[PDB]
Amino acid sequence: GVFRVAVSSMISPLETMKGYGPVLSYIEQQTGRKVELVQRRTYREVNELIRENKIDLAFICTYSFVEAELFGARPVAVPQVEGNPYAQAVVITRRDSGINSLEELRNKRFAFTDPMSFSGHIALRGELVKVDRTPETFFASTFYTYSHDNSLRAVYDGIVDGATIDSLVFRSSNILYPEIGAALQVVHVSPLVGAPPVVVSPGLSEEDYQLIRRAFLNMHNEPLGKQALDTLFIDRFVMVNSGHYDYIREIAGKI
């Protein structure tokens, strides 16, 4: 039977099959099953494919993982990038805005990515619980761009006063677009959390689960595996530590 791998189409528009092609070939090599890439615009739609066992494996985000384990999604492995399997949200404003803290964004225009993103949404919804607020009752207006890059573009262009995005997206964008880099600043950082895990649908056999986990954990020792990792700009995949996601589980409960 076909092995279906799901991803968000909004992380690398037009370059998704370019990025994942070699890791899909790696999965073909290790499983002997033909692999189909399944794309959806939103992490909610990807989670619905997992819940209804319409796919085998998904590259999901850290917050969608907390919702996904509740309907039996099983973590396989975590990407190790820049020598660590962790992630962090940054809140960004224009240097020339005079908005130098999360606090000063009260009654201002703000950009989120996907509603199911930690670094693009929930990290900030979580922190606002401290002051008995939501984005809706804290900011003058909010927008969901479904894109870390588009959220950064909106801050740069003065469409919004601030955004929450992934720290690695910000650092990478600062190198690739230095005029945009020069104009922005980080005014707040989230806690460290675990990076987005790779999951399998609740309907897989124990043996298929073990085979896939071994393939991911050993990917950096395999010739086609190394091509897959280089294409995704990942060092290797490492074991999931559930405790790395406990801050997100706690935020999620406070809603």
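Numbering starts at 1 and runs along the sequence shown.
The PDB entry records a higher mean C-alpha B factor for 124-132 than for its counterpart among 124-132 and 144-152.
Comparing the deposited coordinates for 47-55 and 184-192, the stretch with the larger average C-alpha B-factor is 47-55. Placement of the Cα temperature factor of residue 26 within the chain: lowest third of the modelled residues, per the deposited record. Per-chain ranking of the deposited C-alpha B factor places residue 80 in the middle third. Among the modelled residues of its chain, residue 158 has a C-alpha B-factor that falls in the lowest third, as given in the PDB entry. In the PDB entry, residue 91 places in the lowest third of its chain by CA B-factor. The PDB entry assigns residue 178 a C-alpha temperature factor belonging to the highest third of its chain's modelled residues.
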